[PDB]
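Have a look at run_17.cif; it's mmCIF, N, CA and C atoms:
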```cif
data_entry
#
loop_
_atom_site.label_atom_id
_atom_site.label_comp_id
_atom_site.auth_asym_id
_atom_site.auth_seq_id
_atom_site.Cartn_x
_atom_site.Cartn_y
_atom_site.Cartn_z
N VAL A 414 78.94 115.25 99.07
CA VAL A 414 79.32 113.91 98.64
C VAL A 414 80.71 113.92 98.00
N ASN A 415 81.64 114.59 98.66
CA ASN A 415 83.04 114.57 98.25
C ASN A 415 83.80 113.52 99.06
N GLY A 416 85.03 113.24 98.63
CA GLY A 416 85.84 112.23 99.30
C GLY A 416 86.08 112.53 100.76
N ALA A 417 86.05 113.82 101.14
CA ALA A 417 86.14 114.19 102.54
C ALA A 417 85.04 113.52 103.36
N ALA A 418 83.84 113.39 102.79
CA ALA A 418 82.74 112.76 103.51
C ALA A 418 82.98 111.26 103.68
N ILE A 419 83.52 110.61 102.64
CA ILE A 419 83.88 109.20 102.76
C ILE A 419 84.91 109.01 103.87
N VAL A 420 85.91 109.89 103.92
CA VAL A 420 86.95 109.78 104.95
C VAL A 420 86.35 110.00 106.34
N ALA A 421 85.47 110.99 106.47
CA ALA A 421 84.87 111.28 107.77
C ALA A 421 84.00 110.13 108.24
N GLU A 422 83.29 109.47 107.32
CA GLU A 422 82.49 108.31 107.70
C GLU A 422 83.38 107.13 108.07
N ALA A 423 84.47 106.92 107.33
CA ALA A 423 85.36 105.81 107.62
C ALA A 423 86.02 105.96 108.99
N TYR A 424 86.33 107.20 109.38
CA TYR A 424 86.96 107.41 110.68
C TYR A 424 86.06 106.99 111.85
N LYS A 425 84.74 106.93 111.64
CA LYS A 425 83.83 106.58 112.73
C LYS A 425 84.03 105.15 113.24
N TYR A 426 84.67 104.28 112.46
CA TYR A 426 84.72 102.87 112.80
C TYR A 426 86.12 102.40 113.16
N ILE A 427 87.05 103.33 113.41
CA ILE A 427 88.37 102.97 113.91
C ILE A 427 88.21 102.17 115.20
N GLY A 428 88.94 101.06 115.29
CA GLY A 428 88.84 100.19 116.44
C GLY A 428 87.76 99.14 116.36
N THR A 429 86.99 99.11 115.29
CA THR A 429 86.03 98.03 115.08
C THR A 429 86.80 96.73 114.85
N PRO A 430 86.53 95.67 115.60
CA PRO A 430 87.30 94.43 115.43
C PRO A 430 87.04 93.77 114.09
N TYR A 431 88.00 92.96 113.67
CA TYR A 431 87.90 92.22 112.42
C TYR A 431 87.00 91.00 112.62
N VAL A 432 86.08 90.80 111.69
CA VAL A 432 85.25 89.60 111.65
C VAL A 432 85.16 89.15 110.20
N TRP A 433 85.54 87.90 109.94
CA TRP A 433 85.48 87.39 108.59
C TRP A 433 84.06 87.47 108.06
N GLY A 434 83.90 88.12 106.90
CA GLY A 434 82.59 88.35 106.33
C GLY A 434 81.74 89.39 107.02
N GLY A 435 82.26 90.07 108.04
CA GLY A 435 81.46 91.06 108.75
C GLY A 435 81.14 92.26 107.88
N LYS A 436 79.89 92.73 107.97
CA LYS A 436 79.41 93.80 107.11
C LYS A 436 78.79 94.97 107.87
N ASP A 437 78.96 95.05 109.19
CA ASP A 437 78.33 96.09 109.99
C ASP A 437 79.25 96.45 111.14
N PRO A 438 78.94 97.52 111.89
CA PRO A 438 79.89 97.99 112.93
C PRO A 438 80.15 97.02 114.07
N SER A 439 79.46 95.89 114.16
CA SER A 439 79.84 94.89 115.16
C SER A 439 81.08 94.11 114.74
N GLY A 440 81.46 94.18 113.47
CA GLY A 440 82.66 93.54 112.98
C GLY A 440 82.75 93.65 111.47
N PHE A 441 83.93 94.00 110.97
CA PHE A 441 84.16 94.19 109.55
C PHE A 441 85.29 93.30 109.07
N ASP A 442 85.18 92.85 107.83
CA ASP A 442 86.36 92.45 107.08
C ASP A 442 86.69 93.58 106.11
N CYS A 443 87.72 93.38 105.28
CA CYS A 443 88.21 94.48 104.45
C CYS A 443 87.12 95.02 103.53
N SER A 444 86.41 94.13 102.83
CA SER A 444 85.42 94.58 101.86
C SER A 444 84.14 95.07 102.54
N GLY A 445 83.75 94.45 103.65
CA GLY A 445 82.56 94.89 104.36
C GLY A 445 82.68 96.31 104.87
N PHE A 446 83.88 96.68 105.32
CA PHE A 446 84.11 98.03 105.83
C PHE A 446 83.93 99.08 104.73
N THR A 447 84.59 98.88 103.58
CA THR A 447 84.47 99.83 102.48
C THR A 447 83.04 99.89 101.94
N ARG A 448 82.39 98.73 101.82
CA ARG A 448 81.00 98.71 101.38
C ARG A 448 80.11 99.49 102.34
N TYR A 449 80.33 99.32 103.65
CA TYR A 449 79.51 100.00 104.63
C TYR A 449 79.71 101.51 104.57
N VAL A 450 80.96 101.95 104.43
CA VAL A 450 81.23 103.38 104.33
C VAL A 450 80.52 103.97 103.11
N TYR A 451 80.67 103.33 101.95
CA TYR A 451 80.04 103.86 100.75
C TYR A 451 78.52 103.78 100.83
N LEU A 452 77.99 102.77 101.52
CA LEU A 452 76.54 102.68 101.69
C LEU A 452 76.02 103.82 102.55
N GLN A 453 76.75 104.15 103.62
CA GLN A 453 76.32 105.24 104.50
C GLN A 453 76.39 106.58 103.79
N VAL A 454 77.42 106.81 102.98
CA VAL A 454 77.60 108.14 102.41
C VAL A 454 76.77 108.31 101.14
N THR A 455 76.75 107.30 100.27
CA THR A 455 76.16 107.43 98.94
C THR A 455 74.87 106.65 98.75
N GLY A 456 74.59 105.66 99.61
CA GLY A 456 73.39 104.86 99.47
C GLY A 456 73.47 103.75 98.45
N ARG A 457 74.51 103.71 97.62
CA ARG A 457 74.66 102.66 96.63
C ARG A 457 75.53 101.53 97.19
N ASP A 458 75.33 100.35 96.62
CA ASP A 458 75.94 99.12 97.12
C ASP A 458 77.02 98.67 96.14
N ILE A 459 78.26 99.06 96.42
CA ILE A 459 79.41 98.47 95.74
C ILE A 459 79.50 97.03 96.24
N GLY A 460 80.26 96.19 95.55
CA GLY A 460 80.26 94.77 95.87
C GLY A 460 80.40 94.37 97.33
N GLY A 461 79.83 93.22 97.69
CA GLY A 461 79.94 92.71 99.05
C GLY A 461 81.27 92.06 99.37
N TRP A 462 81.99 91.60 98.36
CA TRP A 462 83.35 91.10 98.51
C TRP A 462 84.27 91.90 97.59
N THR A 463 85.52 91.47 97.49
CA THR A 463 86.57 92.35 96.99
C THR A 463 86.43 92.62 95.49
N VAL A 464 86.12 91.59 94.70
CA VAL A 464 86.27 91.68 93.25
C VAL A 464 85.19 92.55 92.61
N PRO A 465 83.90 92.41 92.96
CA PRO A 465 82.90 93.35 92.41
C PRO A 465 83.23 94.80 92.68
N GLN A 466 83.83 95.11 93.84
CA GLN A 466 84.20 96.48 94.15
C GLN A 466 85.21 97.06 93.17
N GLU A 467 85.84 96.22 92.34
CA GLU A 467 86.75 96.71 91.31
C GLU A 467 86.02 97.42 90.18
N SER A 468 84.69 97.32 90.10
CA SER A 468 83.93 97.93 89.02
C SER A 468 83.27 99.24 89.41
N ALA A 469 83.34 99.63 90.68
CA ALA A 469 82.56 100.75 91.19
C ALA A 469 83.02 102.11 90.67
N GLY A 470 84.18 102.18 90.04
CA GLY A 470 84.69 103.44 89.51
C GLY A 470 85.61 103.17 88.34
N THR A 471 86.53 104.10 88.10
CA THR A 471 87.48 103.98 87.00
C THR A 471 88.86 103.64 87.55
N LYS A 472 89.49 102.60 87.00
CA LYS A 472 90.81 102.19 87.45
C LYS A 472 91.83 103.30 87.23
N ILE A 473 92.81 103.37 88.13
CA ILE A 473 93.73 104.50 88.17
C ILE A 473 94.98 104.06 88.94
N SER A 474 96.07 104.80 88.76
CA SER A 474 97.28 104.49 89.49
C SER A 474 97.14 104.92 90.95
N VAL A 475 97.94 104.28 91.81
CA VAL A 475 97.91 104.64 93.23
C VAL A 475 98.39 106.07 93.43
N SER A 476 99.26 106.56 92.54
CA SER A 476 99.71 107.95 92.63
C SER A 476 98.55 108.92 92.44
N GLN A 477 97.64 108.60 91.52
CA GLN A 477 96.52 109.47 91.19
C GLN A 477 95.30 109.21 92.07
N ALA A 478 95.50 108.65 93.26
CA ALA A 478 94.41 108.36 94.18
C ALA A 478 94.20 109.54 95.11
N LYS A 479 93.00 110.12 95.08
CA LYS A 479 92.62 111.18 95.99
C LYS A 479 91.87 110.60 97.19
N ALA A 480 91.64 111.45 98.19
CA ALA A 480 90.94 111.02 99.39
C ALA A 480 89.55 110.50 99.03
N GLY A 481 89.25 109.28 99.47
CA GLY A 481 87.98 108.63 99.19
C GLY A 481 88.06 107.52 98.17
N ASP A 482 89.05 107.53 97.29
CA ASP A 482 89.17 106.48 96.29
C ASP A 482 89.44 105.13 96.95
N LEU A 483 89.23 104.07 96.19
CA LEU A 483 89.47 102.72 96.69
C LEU A 483 90.85 102.25 96.24
N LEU A 484 91.52 101.48 97.10
CA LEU A 484 92.84 100.94 96.81
C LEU A 484 92.77 99.42 96.88
N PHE A 485 93.37 98.75 95.90
CA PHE A 485 93.21 97.31 95.73
C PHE A 485 94.56 96.62 95.67
N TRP A 486 94.69 95.55 96.45
CA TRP A 486 95.83 94.65 96.40
C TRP A 486 95.48 93.45 95.53
N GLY A 487 96.44 93.03 94.72
CA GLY A 487 96.23 91.93 93.80
C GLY A 487 95.97 92.42 92.39
N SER A 488 95.82 91.47 91.50
CA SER A 488 95.60 91.85 90.11
C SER A 488 94.10 91.95 89.82
N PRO A 489 93.71 92.78 88.84
CA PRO A 489 92.29 92.88 88.48
C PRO A 489 91.68 91.52 88.18
N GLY A 490 90.58 91.21 88.87
CA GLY A 490 89.98 89.90 88.85
C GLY A 490 90.37 89.02 90.02
N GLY A 491 91.50 89.32 90.67
CA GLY A 491 91.97 88.52 91.78
C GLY A 491 92.42 89.36 92.95
N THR A 492 91.79 90.52 93.14
CA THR A 492 92.12 91.34 94.29
C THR A 492 91.77 90.60 95.57
N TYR A 493 92.65 90.73 96.57
CA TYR A 493 92.46 90.07 97.85
C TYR A 493 92.33 91.05 99.00
N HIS A 494 92.45 92.35 98.75
CA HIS A 494 92.39 93.34 99.82
C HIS A 494 92.00 94.68 99.22
N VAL A 495 91.31 95.48 100.02
CA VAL A 495 90.84 96.80 99.62
C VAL A 495 90.93 97.74 100.82
N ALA A 496 91.13 99.02 100.54
CA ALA A 496 91.14 100.05 101.57
C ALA A 496 90.60 101.34 100.97
N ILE A 497 90.33 102.31 101.84
CA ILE A 497 89.88 103.64 101.42
C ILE A 497 91.07 104.59 101.45
N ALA A 498 91.34 105.23 100.32
CA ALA A 498 92.46 106.15 100.24
C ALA A 498 92.22 107.39 101.08
N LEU A 499 93.25 107.82 101.80
CA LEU A 499 93.23 109.07 102.54
C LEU A 499 94.01 110.18 101.86
N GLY A 500 94.69 109.88 100.76
CA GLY A 500 95.58 110.85 100.15
C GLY A 500 96.93 110.86 100.84
N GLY A 501 97.99 111.13 100.08
CA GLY A 501 99.32 111.18 100.67
C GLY A 501 99.85 109.85 101.13
N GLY A 502 99.59 108.78 100.37
CA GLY A 502 100.12 107.47 100.71
C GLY A 502 99.51 106.82 101.93
N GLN A 503 98.36 107.30 102.38
CA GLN A 503 97.71 106.80 103.58
C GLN A 503 96.36 106.21 103.21
N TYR A 504 95.94 105.21 103.99
CA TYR A 504 94.63 104.61 103.80
C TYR A 504 94.10 104.16 105.15
N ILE A 505 92.85 103.71 105.14
CA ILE A 505 92.20 103.19 106.33
C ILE A 505 91.52 101.89 105.94
N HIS A 506 91.60 100.89 106.82
CA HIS A 506 91.12 99.57 106.43
C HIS A 506 90.90 98.69 107.65
N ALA A 507 90.13 97.62 107.43
CA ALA A 507 90.08 96.46 108.30
C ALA A 507 91.22 95.55 107.87
N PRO A 508 92.33 95.54 108.60
CA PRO A 508 93.57 94.95 108.07
C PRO A 508 93.53 93.44 107.90
N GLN A 509 93.23 92.70 108.96
CA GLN A 509 93.34 91.24 108.93
C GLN A 509 92.71 90.69 110.21
N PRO A 510 92.38 89.39 110.22
CA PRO A 510 91.81 88.77 111.44
C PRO A 510 92.47 89.19 112.75
N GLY A 511 93.76 89.48 112.74
CA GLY A 511 94.39 89.93 113.97
C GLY A 511 93.86 91.26 114.49
N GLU A 512 93.61 92.21 113.59
CA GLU A 512 93.58 93.61 113.97
C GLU A 512 92.20 94.24 113.76
N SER A 513 92.04 95.43 114.33
CA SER A 513 90.83 96.22 114.19
C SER A 513 91.05 97.33 113.16
N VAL A 514 89.94 97.96 112.75
CA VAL A 514 90.00 99.00 111.72
C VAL A 514 90.99 100.07 112.14
N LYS A 515 91.94 100.39 111.25
CA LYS A 515 92.99 101.33 111.59
C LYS A 515 93.53 102.00 110.34
N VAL A 516 94.45 102.93 110.56
CA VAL A 516 95.12 103.63 109.49
C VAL A 516 96.36 102.84 109.07
N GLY A 517 96.81 103.09 107.85
CA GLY A 517 97.98 102.43 107.31
C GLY A 517 98.63 103.30 106.26
N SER A 518 99.88 102.96 105.95
CA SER A 518 100.68 103.70 104.99
C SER A 518 101.09 102.78 103.85
N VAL A 519 101.26 103.35 102.66
CA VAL A 519 101.77 102.57 101.55
C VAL A 519 103.24 102.25 101.74
N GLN A 520 103.92 102.96 102.65
CA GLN A 520 105.27 102.60 103.02
C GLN A 520 105.31 101.33 103.87
N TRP A 521 104.17 100.90 104.39
CA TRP A 521 104.07 99.62 105.09
C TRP A 521 103.69 98.50 104.13
N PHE A 522 102.52 98.61 103.51
CA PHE A 522 102.03 97.62 102.55
C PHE A 522 101.41 98.38 101.39
N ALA A 523 102.01 98.24 100.20
CA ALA A 523 101.64 99.05 99.05
C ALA A 523 100.51 98.38 98.28
N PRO A 524 99.44 99.10 97.96
CA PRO A 524 98.39 98.52 97.12
C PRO A 524 98.84 98.43 95.68
N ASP A 525 98.15 97.59 94.92
CA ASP A 525 98.52 97.35 93.53
C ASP A 525 97.90 98.36 92.57
N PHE A 526 96.63 98.71 92.73
CA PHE A 526 96.07 99.79 91.91
C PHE A 526 95.00 100.53 92.71
N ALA A 527 94.33 101.49 92.07
CA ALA A 527 93.31 102.27 92.74
C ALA A 527 92.11 102.43 91.81
N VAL A 528 91.03 102.95 92.37
CA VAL A 528 89.76 103.11 91.67
C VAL A 528 89.15 104.43 92.11
N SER A 529 88.92 105.32 91.14
CA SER A 529 88.24 106.58 91.40
C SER A 529 86.74 106.37 91.42
N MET A 530 86.07 107.10 92.31
CA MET A 530 84.64 106.94 92.53
C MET A 530 83.89 108.24 92.26
#
```
Represent the structure contained in this file as structure tokens.
Amino acid sequence: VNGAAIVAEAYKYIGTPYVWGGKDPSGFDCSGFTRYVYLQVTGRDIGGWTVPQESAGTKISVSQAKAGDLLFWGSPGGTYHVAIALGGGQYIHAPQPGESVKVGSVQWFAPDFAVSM
């Protein structure tokens, strides 16, 4: 149950199309994807939407994010996006209604804070 396992589970759903409110491999939104990964690996249910997922661990800087941690866009209480940290400025996410689950870099779109799990 290390972050490597979270990353390995998240990689299984690359190419899953975006579906608003989707919570399973037929379609994910940003929060549904992270919730599903953590449900598969740990069995516990972090929030179904973005803001409850801000409580699942301890807040931390994006620099101090290891593989498996959660990354949040927006301010605490008003986060609008989440991804799973891959380490080294990389993450994996359900990006937006346009796109399917894919990898991304903080050099493209930088998250605002992170959460250790």
For region 441-445 of chain A, find every residue with an atom within 8 Å (counting only C-alpha atoms), except residues of its own chain fewer than 2 positions away, and show them as a PyMOL selection string. chain A and resi 429-439+447-449+460-463+494-496+506-510+514
Would you kindly return, as a ChimeraX atom specification, each protein, DNA or RNA residue with an atom no farther than 6 Å from any atom of residue 486 (chain A), considering all atoms listed in the file and excluding same-chain residues fewer than 6 positions away? /A:492-495,524-526
Limited to N, CA and C atoms, could you put the picked residues into a file as a short mmCIF file (atom, residue, chain, number, x, y, z; two decimals), in the coordinates of the input?
```cif
data_model
loop_
_atom_site.label_atom_id
_atom_site.label_comp_id
_atom_site.auth_asym_id
_atom_site.auth_seq_id
_atom_site.Cartn_x
_atom_site.Cartn_y
_atom_site.Cartn_z
N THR A 492 91.79 90.52 93.14
CA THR A 492 92.12 91.34 94.29
C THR A 492 91.77 90.60 95.57
N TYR A 493 92.65 90.73 96.57
CA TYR A 493 92.46 90.07 97.85
C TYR A 493 92.33 91.05 99.00
N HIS A 494 92.45 92.35 98.75
CA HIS A 494 92.39 93.34 99.82
C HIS A 494 92.00 94.68 99.22
N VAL A 495 91.31 95.48 100.02
CA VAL A 495 90.84 96.80 99.62
C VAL A 495 90.93 97.74 100.82
N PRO A 524 99.44 99.10 97.96
CA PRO A 524 98.39 98.52 97.12
C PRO A 524 98.84 98.43 95.68
N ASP A 525 98.15 97.59 94.92
CA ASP A 525 98.52 97.35 93.53
C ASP A 525 97.90 98.36 92.57
N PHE A 526 96.63 98.71 92.73
CA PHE A 526 96.07 99.79 91.91
C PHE A 526 95.00 100.53 92.71
#
```
Build an axis-aligned box that encloses every atom of region 424-430 of chain A listed in the file, pad it by 8 Å on each side, and report its centre and edge lengths in Å to one decimal, as JSON.
```
{"center_x": 86.4, "center_y": 100.6, "center_z": 112.9, "size_x": 21.1, "size_y": 29.6, "size_z": 23.1}
```
Extract, using all atoms listed in the file, all DNA, RNA and protein residues at most 6 Å from residue 483 (chain A), discarding same-chain residues fewer than 5 positions from it, and format them as a count of residues only. 8
If you apply the PyMOL selection byres (((chain A and resi 420 and name CA) around 12) and name CA) to this file, what residues do you get, as number ranges by chain? A: 414-419, 421-427, 447, 450-451, 453-454, 479-483, 496-500, 503-506, 516
DSSP on the backbone: which residues in chain A end up as strand (DSSP E or B)? Give the answer as a list in words.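 Strand (DSSP E or B) assignments inside chain A correspond to residues 431, 436, 437, 440, 441, 471, 472, 473, 483, 484, 485, 486, 494, 495, 496, 497, 498, 503, 504, 505, 506, 515, 516, 517, 518, 526, 527, 528 and 529 of chain A.
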Mind the document's chain letters and residue numbers, and return as a PDB file with N, CA and C atoms, keeping the file's coordinate frame the residues of chain A that DSSP labels alpha helix (DSSP H).
```
ATOM      1  N   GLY A 416      85.030 113.240  98.630  1.00  0.00           N
ATOM      2  CA  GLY A 416      85.840 112.230  99.300  1.00  0.00           C
ATOM      3  C   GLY A 416      86.080 112.530 100.760  1.00  0.00           C
ATOM      4  N   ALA A 417      86.050 113.820 101.140  1.00  0.00           N
ATOM      5  CA  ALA A 417      86.140 114.190 102.540  1.00  0.00           C
ATOM      6  C   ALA A 417      85.040 113.520 103.360  1.00  0.00           C
ATOM      7  N   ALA A 418      83.840 113.390 102.790  1.00  0.00           N
ATOM      8  CA  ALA A 418      82.740 112.760 103.510  1.00  0.00           C
ATOM      9  C   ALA A 418      82.980 111.260 103.680  1.00  0.00           C
ATOM     10  N   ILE A 419      83.520 110.610 102.640  1.00  0.00           N
ATOM     11  CA  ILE A 419      83.880 109.200 102.760  1.00  0.00           C
ATOM     12  C   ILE A 419      84.910 109.010 103.870  1.00  0.00           C
ATOM     13  N   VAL A 420      85.910 109.890 103.920  1.00  0.00           N
ATOM     14  CA  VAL A 420      86.950 109.780 104.950  1.00  0.00           C
ATOM     15  C   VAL A 420      86.350 110.000 106.340  1.00  0.00           C
ATOM     16  N   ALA A 421      85.470 110.990 106.470  1.00  0.00           N
ATOM     17  CA  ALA A 421      84.870 111.280 107.770  1.00  0.00           C
ATOM     18  C   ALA A 421      84.000 110.130 108.240  1.00  0.00           C
ATOM     19  N   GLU A 422      83.290 109.470 107.320  1.00  0.00           N
ATOM     20  CA  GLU A 422      82.490 108.310 107.700  1.00  0.00           C
ATOM     21  C   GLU A 422      83.380 107.130 108.070  1.00  0.00           C
ATOM     22  N   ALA A 423      84.470 106.920 107.330  1.00  0.00           N
ATOM     23  CA  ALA A 423      85.360 105.810 107.620  1.00  0.00           C
ATOM     24  C   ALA A 423      86.020 105.960 108.990  1.00  0.00           C
ATOM     25  N   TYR A 424      86.330 107.200 109.380  1.00  0.00           N
ATOM     26  CA  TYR A 424      86.960 107.410 110.680  1.00  0.00           C
ATOM     27  C   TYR A 424      86.060 106.990 111.850  1.00  0.00           C
ATOM     28  N   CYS A 443      87.720  93.380 105.280  1.00  0.00           N
ATOM     29  CA  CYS A 443      88.210  94.480 104.450  1.00  0.00           C
ATOM     30  C   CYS A 443      87.120  95.020 103.530  1.00  0.00           C
ATOM     31  N   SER A 444      86.410  94.130 102.830  1.00  0.00           N
ATOM     32  CA  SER A 444      85.420  94.580 101.860  1.00  0.00           C
ATOM     33  C   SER A 444      84.140  95.070 102.540  1.00  0.00           C
ATOM     34  N   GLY A 445      83.750  94.450 103.650  1.00  0.00           N
ATOM     35  CA  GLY A 445      82.560  94.890 104.360  1.00  0.00           C
ATOM     36  C   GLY A 445      82.680  96.310 104.870  1.00  0.00           C
ATOM     37  N   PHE A 446      83.880  96.680 105.320  1.00  0.00           N
ATOM     38  CA  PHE A 446      84.110  98.030 105.830  1.00  0.00           C
ATOM     39  C   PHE A 446      83.930  99.080 104.730  1.00  0.00           C
ATOM     40  N   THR A 447      84.590  98.880 103.580  1.00  0.00           N
ATOM     41  CA  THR A 447      84.470  99.830 102.480  1.00  0.00           C
ATOM     42  C   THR A 447      83.040  99.890 101.940  1.00  0.00           C
ATOM     43  N   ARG A 448      82.390  98.730 101.820  1.00  0.00           N
ATOM     44  CA  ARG A 448      81.000  98.710 101.380  1.00  0.00           C
ATOM     45  C   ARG A 448      80.110  99.490 102.340  1.00  0.00           C
ATOM     46  N   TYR A 449      80.330  99.320 103.650  1.00  0.00           N
ATOM     47  CA  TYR A 449      79.510 100.000 104.630  1.00  0.00           C
ATOM     48  C   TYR A 449      79.710 101.510 104.570  1.00  0.00           C
ATOM     49  N   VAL A 450      80.960 101.950 104.430  1.00  0.00           N
ATOM     50  CA  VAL A 450      81.230 103.380 104.330  1.00  0.00           C
ATOM     51  C   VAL A 450      80.520 103.970 103.110  1.00  0.00           C
ATOM     52  N   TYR A 451      80.670 103.330 101.950  1.00  0.00           N
ATOM     53  CA  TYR A 451      80.040 103.860 100.750  1.00  0.00           C
ATOM     54  C   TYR A 451      78.520 103.780 100.830  1.00  0.00           C
ATOM     55  N   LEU A 452      77.990 102.770 101.520  1.00  0.00           N
ATOM     56  CA  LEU A 452      76.540 102.680 101.690  1.00  0.00           C
ATOM     57  C   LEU A 452      76.020 103.820 102.550  1.00  0.00           C
ATOM     58  N   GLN A 453      76.750 104.150 103.620  1.00  0.00           N
ATOM     59  CA  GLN A 453      76.320 105.240 104.500  1.00  0.00           C
ATOM     60  C   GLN A 453      76.390 106.580 103.790  1.00  0.00           C
ATOM     61  N   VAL A 454      77.420 106.810 102.980  1.00  0.00           N
ATOM     62  CA  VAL A 454      77.600 108.140 102.410  1.00  0.00           C
ATOM     63  C   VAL A 454      76.770 108.310 101.140  1.00  0.00           C
ATOM     64  N   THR A 455      76.750 107.300 100.270  1.00  0.00           N
ATOM     65  CA  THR A 455      76.160 107.430  98.940  1.00  0.00           C
ATOM     66  C   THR A 455      74.870 106.650  98.750  1.00  0.00           C
TER      67      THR A 455
END
```
Which distance in Å separates atom N of residue 521 (chain A) and CA of residue 455 (chain A), to one decimal?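 Taking atom N of residue 521 (chain A) as the start and CA of residue 455 (chain A) as the end point, the length is 29.3 Å.
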Which value, in Å to one decimal, gives the distance between atom C of residue 515 (chain A) and CA of residue 484 (chain A)? 13.6 Å
A:477, A:466, A:518, A:471: which is nearest residue 502 (chain A), counting only N, CA and C atoms?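 With only N, CA and C atoms as the atom set, the closest residue is A:518.
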Will you model N, CA, C and O atoms for region 483-494 of chain A and pass it back as a PDB file, in the frame of the given file?
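The resulting file, out.pdb, is reproduced below:
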```
ATOM      1  N   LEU A 483      89.230 104.070  96.190  1.00  0.00           N
ATOM      2  CA  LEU A 483      89.470 102.720  96.690  1.00  0.00           C
ATOM      3  C   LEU A 483      90.850 102.250  96.240  1.00  0.00           C
ATOM      4  O   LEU A 483      91.307 102.600  95.157  1.00  0.00           O
ATOM      5  N   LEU A 484      91.520 101.480  97.100  1.00  0.00           N
ATOM      6  CA  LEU A 484      92.840 100.940  96.810  1.00  0.00           C
ATOM      7  C   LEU A 484      92.770  99.420  96.880  1.00  0.00           C
ATOM      8  O   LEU A 484      92.201  98.874  97.829  1.00  0.00           O
ATOM      9  N   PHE A 485      93.370  98.750  95.900  1.00  0.00           N
ATOM     10  CA  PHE A 485      93.210  97.310  95.730  1.00  0.00           C
ATOM     11  C   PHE A 485      94.560  96.620  95.670  1.00  0.00           C
ATOM     12  O   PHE A 485      95.467  97.064  94.947  1.00  0.00           O
ATOM     13  N   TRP A 486      94.690  95.550  96.450  1.00  0.00           N
ATOM     14  CA  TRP A 486      95.830  94.650  96.400  1.00  0.00           C
ATOM     15  C   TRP A 486      95.480  93.450  95.530  1.00  0.00           C
ATOM     16  O   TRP A 486      94.381  92.905  95.621  1.00  0.00           O
ATOM     17  N   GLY A 487      96.440  93.030  94.720  1.00  0.00           N
ATOM     18  CA  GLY A 487      96.230  91.930  93.800  1.00  0.00           C
ATOM     19  C   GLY A 487      95.970  92.420  92.390  1.00  0.00           C
ATOM     20  O   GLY A 487      95.886  93.618  92.103  1.00  0.00           O
ATOM     21  N   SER A 488      95.820  91.470  91.500  1.00  0.00           N
ATOM     22  CA  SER A 488      95.600  91.850  90.110  1.00  0.00           C
ATOM     23  C   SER A 488      94.100  91.950  89.820  1.00  0.00           C
ATOM     24  O   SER A 488      93.290  91.294  90.490  1.00  0.00           O
ATOM     25  N   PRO A 489      93.710  92.780  88.840  1.00  0.00           N
ATOM     26  CA  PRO A 489      92.290  92.880  88.480  1.00  0.00           C
ATOM     27  C   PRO A 489      91.680  91.520  88.180  1.00  0.00           C
ATOM     28  O   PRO A 489      92.188  90.762  87.358  1.00  0.00           O
ATOM     29  N   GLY A 490      90.580  91.210  88.870  1.00  0.00           N
ATOM     30  CA  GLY A 490      89.980  89.900  88.850  1.00  0.00           C
ATOM     31  C   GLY A 490      90.370  89.020  90.020  1.00  0.00           C
ATOM     32  O   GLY A 490      89.641  88.075  90.338  1.00  0.00           O
ATOM     33  N   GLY A 491      91.500  89.320  90.670  1.00  0.00           N
ATOM     34  CA  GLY A 491      91.970  88.520  91.780  1.00  0.00           C
ATOM     35  C   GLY A 491      92.420  89.360  92.950  1.00  0.00           C
ATOM     36  O   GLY A 491      93.336  88.966  93.680  1.00  0.00           O
ATOM     37  N   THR A 492      91.790  90.520  93.140  1.00  0.00           N
ATOM     38  CA  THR A 492      92.120  91.340  94.290  1.00  0.00           C
ATOM     39  C   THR A 492      91.770  90.600  95.570  1.00  0.00           C
ATOM     40  O   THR A 492      90.749  89.919  95.663  1.00  0.00           O
ATOM     41  N   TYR A 493      92.650  90.730  96.570  1.00  0.00           N
ATOM     42  CA  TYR A 493      92.460  90.070  97.850  1.00  0.00           C
ATOM     43  C   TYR A 493      92.330  91.050  99.000  1.00  0.00           C
ATOM     44  O   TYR A 493      92.122  90.618 100.144  1.00  0.00           O
ATOM     45  N   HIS A 494      92.450  92.350  98.750  1.00  0.00           N
ATOM     46  CA  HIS A 494      92.390  93.340  99.820  1.00  0.00           C
ATOM     47  C   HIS A 494      92.000  94.680  99.220  1.00  0.00           C
ATOM     48  O   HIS A 494      92.347  94.992  98.076  1.00  0.00           O
TER      49      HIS A 494
END
```
